[PDB]
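Next up: just one chain, as C-alpha cells, the form deposited in one PDB entry.
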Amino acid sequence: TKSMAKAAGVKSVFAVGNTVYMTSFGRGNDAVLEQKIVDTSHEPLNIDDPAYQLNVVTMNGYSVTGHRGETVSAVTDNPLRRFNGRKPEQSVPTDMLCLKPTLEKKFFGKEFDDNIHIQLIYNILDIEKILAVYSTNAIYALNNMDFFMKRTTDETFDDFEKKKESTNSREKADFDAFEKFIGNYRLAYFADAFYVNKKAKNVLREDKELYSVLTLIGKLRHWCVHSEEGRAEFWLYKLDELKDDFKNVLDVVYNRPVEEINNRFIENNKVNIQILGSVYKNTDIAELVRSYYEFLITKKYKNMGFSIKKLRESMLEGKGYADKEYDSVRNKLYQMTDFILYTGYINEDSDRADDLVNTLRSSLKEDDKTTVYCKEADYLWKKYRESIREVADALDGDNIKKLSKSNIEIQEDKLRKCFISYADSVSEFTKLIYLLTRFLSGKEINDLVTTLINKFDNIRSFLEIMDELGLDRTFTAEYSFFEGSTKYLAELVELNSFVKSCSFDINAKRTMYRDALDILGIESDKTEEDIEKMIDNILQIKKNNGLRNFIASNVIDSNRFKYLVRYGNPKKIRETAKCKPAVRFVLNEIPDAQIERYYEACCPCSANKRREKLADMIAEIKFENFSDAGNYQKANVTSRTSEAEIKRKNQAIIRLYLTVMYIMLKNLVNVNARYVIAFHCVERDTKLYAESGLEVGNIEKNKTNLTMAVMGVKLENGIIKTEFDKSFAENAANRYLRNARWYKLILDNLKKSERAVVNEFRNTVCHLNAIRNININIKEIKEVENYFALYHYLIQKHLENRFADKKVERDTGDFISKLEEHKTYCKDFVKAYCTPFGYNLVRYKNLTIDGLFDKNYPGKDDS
C-alpha cells in the first residue's frame, strides 16, 4: 500500500540543470544529502553513515536498497524524463497548472531552472489556504447574532469615533452598528478576548480595544480571501508596521495564560512532583521539575519520532487498571507513566528509540507497525512495573489530601530558564493567530497550528539545502518574512502548549439560562411572561439552587453547547432535531458498543431497535422533564440510590441530545470549509494567469470567466455559440485540460449554468447563510445517506427560496423541479454551479462526486 522508496530512506529527488540530486531522511523533517547523478555517473555524498546504496542506475530509473531497520530494495524515477517518454528528452518539469515561472518571478525575483523553489511555494500557498478557512468560521460566530467586511487597520478608534457625530448616512450607521455589537450578551462566550478580571470581578474591556480586536481579524479575512492588488497584499507579512493600538491588545491577551501557568507552577502541580520524588529517590528534585515542566507544558514527548500512548495502551491493556475504581485517578496515572517512558528514552534507552524510528519508517503495512509497538511494550512492562504500582497505590484518595496540604520549598533556578517567553519577545504573527483561536472550537485549533508547524518546517528544510548547493535563496524585499522561518517555527511550538490548556470561564449570567432551556425544549403554550418566571424560580429571585447547578453543569459547561451557540442559534437547533432521518443518520454512524452504553442508562433488544428509541426520545425533550432536579442534584452519581439512578438517567439524555447535534453542525461547516478554499483559489489563480499574458477579465460579475479563458472559449450574447473541437483542448492553457474528455464534459455542464446563481453560491458558502438558516432549508427530505447529500440539499433549497419570484432558464427550472419531486439533492445540479473551478480537474471531481469527496468515506467514480 505504501511507497517502497520512502521505506528505503528516500526522501526526495531534485533536478538542477542537467544534474540530478537526491536526499534522505534525517532527524524529523531534516534533509540529508545523498548521491548526485549526471547521466549514469553517481558521486556518493555523506560517506559516513549512508541510509541506502543505489545498486543499478540508468537514464529512466534509479534502483536503491536501504541499510536501516528492515532492509528494503526499491526503484525510483527520473524527473527530467517527465512528460518525455514516448514522443528535449531531458528538461525540468513544470506544474500541472503551467504556472511555475510566475510564482518564482513573484516571491523570488527571477526564473530558475530548478524544481526546488516550486516545492517551497506550494507550502506558502497552503497556509493562506488554511488561514482563509478559519478566518471565515471566526467572523461567522460574530456575525450570526457589511460592518465586518470593509475593515482595516488604518482606522484607529480615535478616527472611528468621529463617525458618531457624522451627518452622513453610512458613517452614522457604521458607528451605530458598533454600539449594537458591544451591547450584546453573546460576547460572554468569547470571554478570553473580550473580558478581563477586575472588590474584584470579571467585566468587559475598554471600548477602544474591542474595536482593535475584531478590526484585526476582520482584515485577515478580507486579505486571505482576496488578491489585494496594491501595497496591502503584504499585510500579514509586514506586521511590524502596525499602530500601537493593535500591538498592545495582542500583548495583553497573549500574557494572561503564561502568568496563570508559570507565576506559580509548583503549588498547583504540587501533587505529581511529590509522587515522583518517591520513585526517583536518587535524582535531585530541582532538575526533575525542569523535566516535568518541559514534558507537560512544552510537550516534548510529542516530537520524539514515535507515539508514547500507543506503547502505553499496549503495555497496561489487561493489567487491571481499567476498572471503575480507577476513574478519577486515571489521568493522574497516565501523566506519570508517559513521563517514566520519556525520561527512559531521553538518556539511557536512546539507542532503543532510534531503532524504533528507523523500523517504523521501513514498514509497508500497518500490521507491521502495530506489532513493533506490541513488541517493545512487554519489555517496558517487565521493566517499569513496581514504579507503576508504586504510583497507583499512592493516588488512593486520602493520600492526596496530605500531599495537597504540605509545605515544600524548591529552587526555581533551573526552571526559570525553561519558561515560556512573554509577548515582548515573540512576534506579531504568532500573537495574531492566538487571538484568532479564541473564536474557534477545539478540533479546529489543532488542525490550524499543527498544519502550520509542518509547513514552516517544510519551508525550513529546503532553505538549508539550497545553501549547501549555492543557489539564490534570497526572497524579494517584500517577502523577507520567511528568512526567519526558523524563528516563527519554534514560537508556534510553544503556542501548541497552552492554546488548548487554559480557558477562562465566566460565572454564568441569566441570559445563558434562557438559551439553555430553548435549546433543550420549551412547551408550546408558554408565553414570554411565563418563561421569565420559570428562570425566576431557578435563580430564586432560604434558597435552594440545586436546579441552577444542573442547568449549568450538564449544559453550559459542556464543550458541545459552547459550540452550538457560536455557530448556531439555539431555537433553530431544537426545531432542527425534529428531522428524524438526519438525526437517525447520526445514530447509525455510531458503533453499537456506544449505543448499548447510552441505552442501558437511559432505558431504566437489538441495535436498530435501541437506535429508534433514542431517536424519538430526542424528538420529545423538554426543560419541564428536568424541573424536578432540585431533589437529586446533591446525590452522588456513583452511589446506589433512586436519586442517583434518576440523575444519571437525566444526564445522559442531555449528553446525547447535544452530542448528536454537535456532529451534524460540525460536519456541515467542515464541508463548507472546503468550498471557501475553492473560491480562494479562484481569486488566487486569476491574478496569476492574468500576469502571465493571458486575458481573463473581471470575475466578481462572473465566476466562470477564468475556466473559459483557460479553454479559449467565450460567450457572445449571454451564452456560448462555440462548439466542441480538439484544436482547443491541445491548445489549452494548463496540463489538466489538454485531455479531450474532461474538456468536453465541463463544456456541457458550463453551457447550462447561469451567472446569477453562481454569484449567490459564493455568498452562501463564504458567509455561511445556508446553515445560518438551517431549519428553514431542511424542512423535508426522505433520507440521508451522507453529509455530502445533506449540505447539497440545503444550499439548493436556499436557492429555491431565493429564486422563487425571479427569471430562470429551462436548465435551472428542470433541476429545481427535480428537487421537489425527489426530496433530495440533484446530482446534475451540483456540477452546474460548481463549474467555476474546472481549470483544476481533480478538485472539480472530488467536490462534485460522492466517494471522491472525503478520504475516510470512499466510493466509486461516475464513468
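So that there is no doubt, residue numbering starts at 1 and follows the sequence shown.
From this point on, the text means the form deposited in another entry, which you will not see here.
Trainee: Quick check: between the shown form and the other one, are residue 579 and residue 517 assigned to one rigid part (C-alpha given to the better-fitting superposition)?
Mentor: Correct, same part.
Trainee: Given that the distance between the C-alpha atoms of residue 502 and residue 669 changes by 3 Å or more in the other form, do they end up closer or farther than here?
Mentor: Compared with this form, residue 502 and residue 669 lie closer in the other form.
Trainee: Based on a C-alpha change of 3 angstroms or more, tell me if residue 364 and residue 855 lie closer or farther in the other form than in the shown form.
Mentor: Farther apart in the other form, by 3 Å or more.
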